[PDB]
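Peer 1: My file is final35.txt. It has compact mmCIF, C-alpha atoms:
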# COMPACT_ATOMS: atom_id res chain seq x y z
CA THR A 1 175.38 52.88 13.34
CA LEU A 2 175.08 56.29 15.03
CA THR A 3 178.32 57.43 13.38
CA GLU A 4 177.69 56.39 9.77
CA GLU A 5 174.01 55.46 9.28
CA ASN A 6 171.93 58.57 10.06
CA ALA A 7 173.21 62.08 9.39
CA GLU A 8 170.87 63.60 11.99
CA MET A 9 172.44 61.74 14.93
CA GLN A 10 176.00 62.56 13.83
CA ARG A 11 175.07 66.21 13.27
CA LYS A 12 173.45 66.42 16.71
CA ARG A 13 176.48 64.77 18.35
CA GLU A 14 178.81 67.26 16.63
CA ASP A 15 176.51 70.12 17.66
CA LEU A 16 176.49 68.91 21.28
CA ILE A 17 180.30 68.64 21.33
CA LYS A 18 180.58 72.13 19.80
CA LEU A 19 178.08 73.48 22.34
CA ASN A 20 180.08 71.98 25.22
CA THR A 21 183.29 73.50 23.83
CA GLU A 22 181.56 76.87 23.38
CA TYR A 23 180.22 76.74 26.95
CA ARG A 24 183.71 75.98 28.30
CA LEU A 25 185.20 78.80 26.21
CA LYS A 26 182.47 81.20 27.37
CA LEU A 27 183.13 80.29 31.01
CA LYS A 28 186.86 80.85 30.51
CA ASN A 29 186.22 84.20 28.79
CA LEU A 30 183.84 85.27 31.56
CA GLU A 31 186.44 84.36 34.19
CA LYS A 32 189.12 86.30 32.30
CA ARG A 33 186.81 89.32 31.93
CA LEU A 34 185.98 89.21 35.65
CA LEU A 35 189.70 89.05 36.48
CA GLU A 36 190.38 92.01 34.17
CA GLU A 37 187.54 94.02 35.73
CA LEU A 38 188.82 93.24 39.24
CA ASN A 39 192.36 94.22 38.23
CA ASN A 40 191.16 97.51 36.70
CA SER A 41 188.90 98.45 39.64
CA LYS A 42 175.57 88.31 24.73
CA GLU A 43 177.93 85.34 24.52
CA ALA A 44 176.68 84.00 27.86
CA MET A 45 173.06 84.39 26.72
CA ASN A 46 173.83 82.58 23.45
CA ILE A 47 175.55 79.78 25.38
CA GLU A 48 172.55 79.50 27.71
CA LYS A 49 170.16 79.35 24.74
CA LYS A 50 172.29 76.67 23.06
CA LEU A 51 172.39 74.66 26.30
CA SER A 52 168.61 74.95 26.67
CA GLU A 53 168.13 73.79 23.07
CA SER A 54 170.57 70.88 23.49
CA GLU A 55 169.09 69.82 26.84
CA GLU A 56 166.59 67.68 24.88
CA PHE A 57 168.77 65.39 22.77
CA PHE A 58 169.12 62.27 24.93
CA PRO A 59 165.42 61.17 24.64
CA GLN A 60 165.70 61.10 20.83
CA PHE A 61 168.86 58.98 21.00
CA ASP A 62 167.23 56.66 23.55
CA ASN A 63 164.18 56.25 21.30
CA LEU A 64 166.44 55.51 18.32
CA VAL A 65 168.36 52.93 20.38
CA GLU A 66 165.10 51.30 21.52
CA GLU A 67 163.90 51.19 17.90
CA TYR A 68 167.21 49.55 16.87
CA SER A 69 167.61 46.87 19.55
CA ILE A 70 166.45 43.91 17.45
CA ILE A 71 169.40 44.48 15.11
CA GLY A 72 171.70 44.36 18.14
CA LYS A 73 170.17 41.10 19.35
CA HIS A 74 170.58 39.69 15.84
CA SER A 75 174.23 40.77 15.74
CA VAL A 76 174.81 39.10 19.12
CA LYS A 77 173.17 35.92 17.80
CA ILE A 78 175.35 36.01 14.67
CA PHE A 79 178.56 36.43 16.64
CA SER A 80 177.54 33.69 19.08
CA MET A 81 176.98 31.29 16.18
CA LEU A 82 180.23 32.20 14.40
CA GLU A 83 182.11 31.73 17.68
CA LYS A 84 180.38 28.35 18.10
CA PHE A 85 181.72 27.41 14.66
CA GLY A 86 185.23 27.97 16.01
CA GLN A 87 184.48 25.28 18.60
CA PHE A 88 183.04 22.64 16.24
CA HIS A 89 186.35 22.65 14.34
CA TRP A 90 189.54 24.49 15.18
CA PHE A 91 190.06 26.11 11.74
CA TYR A 92 186.94 28.32 11.97
CA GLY A 93 188.08 31.06 14.34
CA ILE A 94 185.90 34.18 14.06
CA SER A 95 186.82 37.21 16.18
CA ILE A 96 185.28 40.57 17.05
CA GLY A 97 187.47 42.62 14.70
CA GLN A 98 186.47 40.73 11.55
CA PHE A 99 182.76 41.03 12.37
CA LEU A 100 183.18 44.74 13.12
CA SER A 101 184.90 45.12 9.74
CA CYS A 102 182.09 43.31 7.93
CA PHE A 103 179.41 45.34 9.73
CA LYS A 104 181.25 48.52 8.69
CA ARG A 105 181.51 47.23 5.11
CA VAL A 106 177.73 46.79 5.21
CA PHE A 107 177.47 50.59 5.16
CA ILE A 108 180.66 51.20 3.15
CA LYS A 109 179.09 49.64 0.04
CA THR A 110 161.44 49.82 6.15
CA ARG A 111 164.87 51.19 7.04
CA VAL A 112 165.32 48.68 9.88
CA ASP A 113 164.28 45.76 7.67
CA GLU A 114 166.61 46.85 4.87
CA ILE A 115 169.60 47.46 7.17
CA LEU A 116 169.05 44.05 8.79
CA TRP A 117 168.78 42.41 5.35
CA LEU A 118 172.04 44.10 4.34
CA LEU A 119 173.73 42.87 7.52
CA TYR A 120 172.61 39.27 6.95
CA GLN A 121 173.54 39.29 3.25
CA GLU A 122 177.01 40.75 3.82
CA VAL A 123 177.75 38.47 6.79
CA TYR A 124 176.68 35.36 4.86
CA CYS A 125 178.47 36.38 1.66
CA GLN A 126 181.71 37.13 3.53
CA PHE A 127 181.72 34.24 6.04
CA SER A 128 180.45 31.48 3.73
CA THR A 129 183.71 30.94 1.83
CA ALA A 130 185.61 29.96 5.00
CA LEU A 131 183.41 26.86 5.45
CA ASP A 132 182.96 23.45 3.87
CA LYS A 133 179.75 22.56 2.01
CA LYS A 134 177.80 20.95 4.87
CA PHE A 135 178.59 23.72 7.35
CA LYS A 136 177.80 26.23 4.60
CA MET A 137 174.34 24.68 4.26
CA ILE A 138 173.97 24.57 8.07
CA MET A 139 174.91 28.22 8.55
CA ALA A 140 172.76 29.34 5.61
CA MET A 141 169.72 27.61 7.08
CA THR A 142 170.44 29.01 10.53
CA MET A 143 170.44 32.55 9.11
CA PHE A 144 167.28 31.67 7.17
CA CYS A 145 165.61 30.68 10.44
CA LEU A 146 167.02 33.68 12.34
CA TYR A 147 165.52 35.99 9.71
CA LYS A 148 162.18 34.30 8.96
CA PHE A 149 161.39 33.76 12.65
CA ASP A 150 161.67 37.46 13.50
CA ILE A 151 160.10 38.96 10.37
CA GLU A 152 157.20 36.48 10.19
CA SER A 153 154.58 34.69 12.28
CA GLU A 154 154.78 31.81 14.78
CA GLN A 155 152.95 29.17 12.74
CA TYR A 156 155.62 29.61 10.06
CA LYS A 157 158.28 29.04 12.73
CA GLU A 158 156.56 25.86 13.92
CA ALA A 159 156.17 24.63 10.33
CA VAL A 160 159.86 25.26 9.62
CA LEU A 161 160.86 23.44 12.82
CA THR A 162 158.67 20.41 12.11
CA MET A 163 159.81 20.11 8.49
CA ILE A 164 163.44 20.43 9.60
CA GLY A 165 162.64 17.65 12.07
CA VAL A 166 161.15 15.41 9.39
CA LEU A 167 164.26 16.26 7.35
CA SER A 168 166.41 15.18 10.32
CA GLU A 169 164.58 11.85 10.94
CA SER A 170 163.75 12.98 14.49
CA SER A 171 160.13 14.22 14.55
CA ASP A 172 157.49 13.24 12.00
CA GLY A 173 154.14 14.91 11.40
CA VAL A 174 152.00 16.84 8.92
CA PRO A 175 152.96 20.54 9.11
CA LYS A 176 150.59 23.49 9.20
CA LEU A 177 152.28 25.09 6.20
CA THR A 178 150.87 28.46 5.15
CA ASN A 179 151.61 28.81 -3.07
CA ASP A 180 153.83 26.96 -5.56
CA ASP A 181 156.60 26.90 -2.94
CA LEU A 182 154.65 24.32 -0.91
CA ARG A 183 154.10 22.17 -4.01
CA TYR A 184 157.84 22.04 -4.72
CA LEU A 185 158.69 21.34 -1.07
CA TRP A 186 156.15 18.50 -0.83
CA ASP A 187 157.26 17.08 -4.19
CA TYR A 188 160.81 17.09 -2.82
CA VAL A 189 160.25 15.51 0.60
CA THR A 190 157.76 12.92 -0.69
CA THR A 191 160.28 11.98 -3.39
CA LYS A 192 163.00 11.90 -0.68
CA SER A 193 165.18 14.34 -2.65
CA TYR A 194 166.99 15.77 0.35
CA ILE A 195 169.71 17.57 -1.61
CA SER A 196 167.02 19.12 -3.81
CA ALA A 197 165.15 20.30 -0.70
CA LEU A 198 168.27 21.95 0.73
CA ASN A 199 169.03 23.44 -2.70
CA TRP A 200 165.48 24.81 -2.87
CA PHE A 201 165.81 26.39 0.58
CA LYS A 202 169.16 27.96 -0.33
CA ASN A 203 167.87 29.31 -3.66
CA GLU A 204 164.64 30.51 -2.03
CA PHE A 205 166.28 32.68 0.61
CA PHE A 206 169.79 33.52 -0.61
CA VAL A 207 170.12 34.95 -4.12
CA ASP A 208 173.85 35.79 -4.16
CA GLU A 209 177.07 33.90 -3.52
CA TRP A 210 180.82 34.28 -3.99
CA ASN A 211 182.95 31.93 -6.06
CA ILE A 212 186.72 31.71 -5.61
CA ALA A 213 187.32 34.59 -8.04
CA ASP A 214 184.73 36.75 -6.27
CA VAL A 215 186.15 36.13 -2.79
CA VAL A 216 189.73 36.81 -3.91
CA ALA A 217 188.55 39.89 -5.83
CA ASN A 218 186.91 41.66 -2.87
CA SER A 219 189.91 41.35 -0.58
CA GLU A 220 192.28 43.86 0.99
CA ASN A 221 194.94 42.11 3.07
CA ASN A 222 198.19 40.76 1.63
CA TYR A 223 198.05 37.49 3.60
CA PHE A 224 195.79 34.62 2.57
CA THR A 225 195.13 31.08 3.77
CA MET A 226 193.48 28.29 1.78
CA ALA A 227 192.34 24.86 2.96
CA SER A 228 190.81 21.75 1.42
CA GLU A 229 190.37 18.04 1.90
CA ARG A 230 193.35 15.96 0.82
CA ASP A 231 191.39 14.56 -2.15
CA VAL A 232 190.92 18.05 -3.68
CA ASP A 233 193.71 20.38 -4.81
CA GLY A 234 193.46 24.12 -5.41
CA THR A 235 196.86 24.60 -7.05
CA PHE A 236 195.56 24.60 -10.63
CA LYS A 237 192.54 26.63 -9.48
CA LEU A 238 195.00 29.31 -8.38
CA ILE A 239 196.85 28.82 -11.69
CA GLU A 240 193.66 29.51 -13.65
CA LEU A 241 192.87 32.43 -11.33
CA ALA A 242 196.29 34.00 -11.97
CA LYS A 243 195.92 33.39 -15.71
CA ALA A 244 192.53 35.13 -15.66
CA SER A 245 193.85 37.94 -13.44
CA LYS A 246 197.12 38.25 -15.45
CA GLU A 247 199.17 37.79 -12.28
CA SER A 248 202.51 36.01 -11.98
CA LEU A 249 202.05 32.83 -9.93
CA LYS A 250 204.95 30.56 -8.97
CA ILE A 251 204.09 27.39 -7.05
CA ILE A 252 206.40 26.66 -4.12
CA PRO A 253 206.08 23.19 -2.60
CA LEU A 254 207.52 22.87 0.89
CA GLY A 255 209.87 20.19 2.18
CA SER A 256 213.63 20.14 2.72
CA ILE A 257 215.75 23.00 4.04
CA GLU A 258 216.78 23.97 0.50
CA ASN A 259 213.08 24.25 -0.36
CA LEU A 260 212.58 26.45 2.72
CA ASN A 261 215.46 28.73 1.68
CA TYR A 262 214.06 28.90 -1.86
CA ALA A 263 210.64 29.81 -0.46
CA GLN A 264 212.19 32.52 1.73
CA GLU A 265 214.12 33.99 -1.20
CA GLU A 266 211.07 33.94 -3.47
CA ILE A 267 208.75 35.55 -0.92
CA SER A 268 211.42 38.21 -0.35
CA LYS A 269 211.49 38.80 -4.11
CA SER A 270 207.69 38.96 -4.24
CA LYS A 271 207.68 41.43 -1.35
CA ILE A 272 210.19 43.45 -3.37
CA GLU A 273 208.59 43.52 -6.83
CA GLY A 274 205.08 42.16 -6.24
CA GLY A 275 203.52 39.01 -7.62
CA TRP A 276 201.66 35.97 -6.35
CA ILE A 277 203.05 33.26 -4.06
CA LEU A 278 201.59 29.80 -3.42
CA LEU A 279 202.99 27.55 -0.69
CA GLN A 280 201.70 24.07 -1.49
CA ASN A 281 201.16 21.81 1.55
CA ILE A 282 202.24 24.09 4.40
CA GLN A 283 201.60 21.07 6.62
CA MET A 284 205.08 19.80 5.65
CA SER A 285 207.36 22.11 7.65
CA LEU A 286 204.95 23.02 10.44
CA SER A 287 207.54 24.47 12.83
CA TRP A 288 209.25 26.35 10.00
CA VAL A 289 205.89 27.86 9.02
CA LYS A 290 205.01 28.75 12.63
CA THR A 291 208.33 30.55 13.03
CA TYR A 292 209.17 32.15 9.68
CA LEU A 293 205.75 33.00 8.24
CA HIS A 294 204.32 34.07 11.60
CA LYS A 295 207.31 36.37 12.12
CA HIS A 296 206.84 37.74 8.59
CA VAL A 297 203.13 38.42 9.13
CA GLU A 298 203.64 39.86 12.63
CA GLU A 299 203.65 46.91 3.01
CA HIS A 300 204.32 46.66 -0.72
CA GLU A 301 201.56 47.34 -3.25
CA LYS A 302 200.14 44.75 -5.67
CA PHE A 303 201.53 41.89 -3.56
CA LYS A 304 199.39 38.86 -2.70
CA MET A 305 200.25 35.36 -1.51
CA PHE A 306 198.43 32.16 -0.60
CA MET A 307 198.91 29.22 1.77
CA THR A 308 197.52 25.75 1.03
CA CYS A 309 196.80 23.47 3.99
CA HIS A 310 194.43 20.60 4.80
CA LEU A 311 191.32 20.31 6.95
CA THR A 312 192.37 16.84 8.12
CA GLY A 313 195.77 18.07 9.26
CA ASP A 314 197.59 19.46 12.28
Could you rewrite the structure in this file as structure tokens?
Peer 2:
Amino acid sequence: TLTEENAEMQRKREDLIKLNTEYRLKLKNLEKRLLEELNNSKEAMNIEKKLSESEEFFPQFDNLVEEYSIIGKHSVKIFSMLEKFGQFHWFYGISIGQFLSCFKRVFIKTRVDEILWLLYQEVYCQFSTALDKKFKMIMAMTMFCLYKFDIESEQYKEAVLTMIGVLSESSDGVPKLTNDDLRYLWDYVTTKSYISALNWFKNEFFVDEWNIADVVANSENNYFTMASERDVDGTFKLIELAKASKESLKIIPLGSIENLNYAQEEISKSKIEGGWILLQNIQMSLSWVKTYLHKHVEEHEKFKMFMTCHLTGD
């Protein structure tokens, strides 16, 4: 944030570094001049003035840090939740580097309120696609609570908790709700339209989302992984995506050793001349994947590939 959000802080940091370098150079020049004078027997004032001017820079940075601590607490909360999601199921690993990349991409694309809104929107829009529908709803409502409980009052927080409780069949009671939003919410819960209530929450807070085309469009790395339940198949979805993107897709089912050699030859060819690669059901040759593809992953242009696996798999 100090590097790429405010120009004043970066300019003052550069000025302080330059002043330290100038003070060191002035001390070296003074020592050399003293040695020359001993052998033959305004710069210092400017350095002193610069040091006196730069002596009061830390209080401003401390005040800026104190004014931007709620965003840090919110980032810690976000990373704690996304790490908790890696414990609920083992396919949802979220690490520090990815979150640092998304927080940087917040700035790459009420200043505190707007920067926090941008952080929440980018984090949700980037981390939603890696989740199934129920966990997507869960995480969306947790960010809704984490935003509306720290921008708004306490009675709103209690009302949200008690209506989540009556949604969860745990605690029942008349809330102290405090517009036409309340009419729709009451007309949903009294009609027992739970999916409509969750849809109304999601449409009320979040206004943007990524489809498959959007998430594959705003991507940079050349390695991809795709997962689904065994009753749903994304092979023809990738076929339609490649037809819309005018990219050459060749489906490669796994299986026997000849299929593995064919897959190796085709991914070598696609690393050579570009293209798109789909490995259907990478659950088949698990050890072969864990050796060959992991060794390949650990820089041609216009080269993308995909891996299709299953949530209810190894």
Peer 1: Under the rule of at most 10 Å, produce a per-residue listing of segment 44-162 of chain A near segment 209-216 of chain A: chain, number, name, the closest pair of atoms, and the distance in Å, as a Markdown table, using all atoms listed in the file.
Peer 2:
| residue | atom | partner | partner_atom | distance |
| --- | --- | --- | --- | --- |
| A:121 | CA | A:209 | CA | 9.3 |
| A:124 | CA | A:209 | CA | 8.5 |
| A:125 | CA | A:209 | CA | 5.9 |
| A:126 | CA | A:215 | CA | 7.8 |
| A:128 | CA | A:210 | CA | 8.2 |
| A:129 | CA | A:210 | CA | 7.3 |
| A:130 | CA | A:215 | CA | 10.0 |
Peer 1: Would you list the contacts of segment 247-264 of chain A as a PyMOL selection string, taking every protein, DNA or RNA residue within 6 Å and counting only C-alpha atoms, but skipping same-chain residues closer than 4 positions in sequence?
Peer 2: chain A and resi 242+275-280+284
Peer 1: Excluding residue 78 of chain A and its own-chain neighbours fewer than 5 positions away, which residues fall within 10 Å of it when counting only C-alpha atoms? Please give them as a short mmCIF file (atom, residue, chain, number, x, y, z; two decimals) with C-alpha atoms, keeping the file's coordinate frame.
Peer 2:
data_model
loop_
_atom_site.label_atom_id
_atom_site.label_comp_id
_atom_site.auth_asym_id
_atom_site.auth_seq_id
_atom_site.Cartn_x
_atom_site.Cartn_y
_atom_site.Cartn_z
CA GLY A 72 171.70 44.36 18.14
CA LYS A 73 170.17 41.10 19.35
CA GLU A 83 182.11 31.73 17.68
CA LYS A 84 180.38 28.35 18.10
CA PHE A 99 182.76 41.03 12.37
CA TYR A 120 172.61 39.27 6.95
CA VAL A 123 177.75 38.47 6.79
CA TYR A 124 176.68 35.36 4.86
CA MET A 139 174.91 28.22 8.55
CA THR A 142 170.44 29.01 10.53
CA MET A 143 170.44 32.55 9.11
CA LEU A 146 167.02 33.68 12.34
#
Peer 1: Compile a residue-level contact table for segment 44-145 of chain A against segment 149-172 of chain A at a cut-off of 9 Å, reporting for every qualifying residue the shortest atom pair and its distance in Å to one decimal, with only C-alpha atoms counted, rows ordered by chain and ascending number, as a tab-separated table.
Peer 2:
residue	atom	partner	partner_atom	distance
A:70	CA	A:150	CA	8.9
A:113	CA	A:151	CA	8.4
A:144	CA	A:149	CA	8.3
A:145	CA	A:149	CA	5.7
Peer 1: Work out how far atom CA of residue 270 of chain A is from atom CA of residue 303 of chain A, in Å to one decimal.
Peer 2: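 Separation of atom CA of residue 303 of chain A and atom CA of residue 270 of chain A: 6.9 Å.
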Peer 1: Can you work out which one of A:111, A:11, A:136, A:33 has the shortest atom-to-atom distance to residue 82 of chain A, counting all atoms listed in the file?
Peer 2: A:136
Peer 1: Between atom CA of residue 192 of chain A and atom CA of residue 138 of chain A, what is the distance in Å, rounded to a tenth?
Peer 2: 18.9 Å
Peer 1: Taking 6 positions as the minimum chain separation for residues in the same chain, which residues sit within 12 Å of residue 272 of chain A when counting only C-alpha atoms? Answer as a PyMOL selection string.
Peer 2: chain A and resi 265-266+299-304
Peer 1: Using all atoms listed in the file, which of A:65, A:244, A:227, A:286 sits nearest residue 306 of chain A?
Peer 2: A:227
Peer 1: Can you fill out segment 74-94 of chain A with N, CA, C and O atoms and hand it back as a JSON list (two decimals), in the frame of the given file?
Peer 2:
[["chain", "number", "residue", "atom", "x", "y", "z"],
["A", 74, "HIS", "N", 170.22, 40.52, 16.99],
["A", 74, "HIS", "CA", 170.58, 39.69, 15.84],
["A", 74, "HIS", "C", 172.09, 39.63, 15.64],
["A", 74, "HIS", "O", 172.64, 38.58, 15.31],
["A", 75, "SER", "N", 172.78, 40.76, 15.83],
["A", 75, "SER", "CA", 174.23, 40.77, 15.74],
["A", 75, "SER", "C", 174.86, 39.89, 16.82],
["A", 75, "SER", "O", 175.84, 39.17, 16.57],
["A", 76, "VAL", "N", 174.32, 39.95, 18.04],
["A", 76, "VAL", "CA", 174.81, 39.10, 19.12],
["A", 76, "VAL", "C", 174.60, 37.63, 18.78],
["A", 76, "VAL", "O", 175.49, 36.80, 19.00],
["A", 77, "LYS", "N", 173.44, 37.30, 18.22],
["A", 77, "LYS", "CA", 173.17, 35.92, 17.80],
["A", 77, "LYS", "C", 174.15, 35.47, 16.72],
["A", 77, "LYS", "O", 174.65, 34.33, 16.76],
["A", 78, "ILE", "N", 174.43, 36.34, 15.74],
["A", 78, "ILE", "CA", 175.35, 36.01, 14.67],
["A", 78, "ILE", "C", 176.74, 35.74, 15.22],
["A", 78, "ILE", "O", 177.39, 34.75, 14.86],
["A", 79, "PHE", "N", 177.22, 36.61, 16.11],
["A", 79, "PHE", "CA", 178.56, 36.43, 16.64],
["A", 79, "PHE", "C", 178.64, 35.20, 17.54],
["A", 79, "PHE", "O", 179.67, 34.51, 17.55],
["A", 80, "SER", "N", 177.57, 34.91, 18.27],
["A", 80, "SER", "CA", 177.54, 33.69, 19.08],
["A", 80, "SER", "C", 177.63, 32.45, 18.20],
["A", 80, "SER", "O", 178.38, 31.51, 18.51],
["A", 81, "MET", "N", 176.90, 32.43, 17.08],
["A", 81, "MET", "CA", 176.98, 31.29, 16.18],
["A", 81, "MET", "C", 178.36, 31.16, 15.54],
["A", 81, "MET", "O", 178.93, 30.06, 15.47],
["A", 82, "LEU", "N", 178.92, 32.27, 15.05],
["A", 82, "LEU", "CA", 180.23, 32.20, 14.40],
["A", 82, "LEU", "C", 181.34, 31.87, 15.39],
["A", 82, "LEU", "O", 182.36, 31.30, 14.99],
["A", 83, "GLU", "N", 181.17, 32.20, 16.67],
["A", 83, "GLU", "CA", 182.11, 31.73, 17.68],
["A", 83, "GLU", "C", 181.89, 30.26, 18.01],
["A", 83, "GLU", "O", 182.85, 29.55, 18.34],
["A", 84, "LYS", "N", 180.64, 29.78, 17.94],
["A", 84, "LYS", "CA", 180.38, 28.35, 18.10],
["A", 84, "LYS", "C", 181.01, 27.54, 16.98],
["A", 84, "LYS", "O", 181.43, 26.40, 17.21],
["A", 85, "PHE", "N", 181.08, 28.10, 15.77],
["A", 85, "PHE", "CA", 181.72, 27.41, 14.66],
["A", 85, "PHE", "C", 183.22, 27.25, 14.88],
["A", 85, "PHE", "O", 183.82, 26.30, 14.35],
["A", 86, "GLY", "N", 183.84, 28.15, 15.64],
["A", 86, "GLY", "CA", 185.23, 27.97, 16.01],
["A", 86, "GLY", "C", 185.46, 26.89, 17.05],
["A", 86, "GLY", "O", 186.62, 26.53, 17.29],
["A", 87, "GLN", "N", 184.39, 26.38, 17.66],
["A", 87, "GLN", "CA", 184.48, 25.28, 18.60],
["A", 87, "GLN", "C", 184.16, 23.93, 17.98],
["A", 87, "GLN", "O", 184.67, 22.91, 18.45],
["A", 88, "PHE", "N", 183.33, 23.90, 16.93],
["A", 88, "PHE", "CA", 183.04, 22.64, 16.24],
["A", 88, "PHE", "C", 184.29, 22.10, 15.55],
["A", 88, "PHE", "O", 184.60, 20.91, 15.65],
["A", 89, "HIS", "N", 185.01, 22.96, 14.83],
["A", 89, "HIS", "CA", 186.35, 22.65, 14.34],
["A", 89, "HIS", "C", 187.27, 23.82, 14.61],
["A", 89, "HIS", "O", 186.83, 24.97, 14.73],
["A", 90, "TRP", "N", 188.56, 23.53, 14.71],
["A", 90, "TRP", "CA", 189.54, 24.49, 15.18],
["A", 90, "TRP", "C", 190.04, 25.44, 14.09],
["A", 90, "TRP", "O", 190.77, 26.38, 14.41],
["A", 91, "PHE", "N", 189.67, 25.22, 12.83],
["A", 91, "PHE", "CA", 190.06, 26.11, 11.74],
["A", 91, "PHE", "C", 189.08, 27.24, 11.48],
["A", 91, "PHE", "O", 189.30, 28.02, 10.55],
["A", 92, "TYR", "N", 188.01, 27.38, 12.26],
["A", 92, "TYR", "CA", 186.94, 28.32, 11.97],
["A", 92, "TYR", "C", 186.89, 29.45, 12.99],
["A", 92, "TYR", "O", 185.81, 29.83, 13.46],
["A", 93, "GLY", "N", 188.04, 30.00, 13.35],
["A", 93, "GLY", "CA", 188.08, 31.06, 14.34],
["A", 93, "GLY", "C", 187.54, 32.36, 13.78],
["A", 93, "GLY", "O", 188.04, 32.88, 12.77],
["A", 94, "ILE", "N", 186.50, 32.90, 14.42],
["A", 94, "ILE", "CA", 185.90, 34.18, 14.06],
["A", 94, "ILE", "C", 186.00, 35.10, 15.27],
["A", 94, "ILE", "O", 185.56, 34.73, 16.37]]
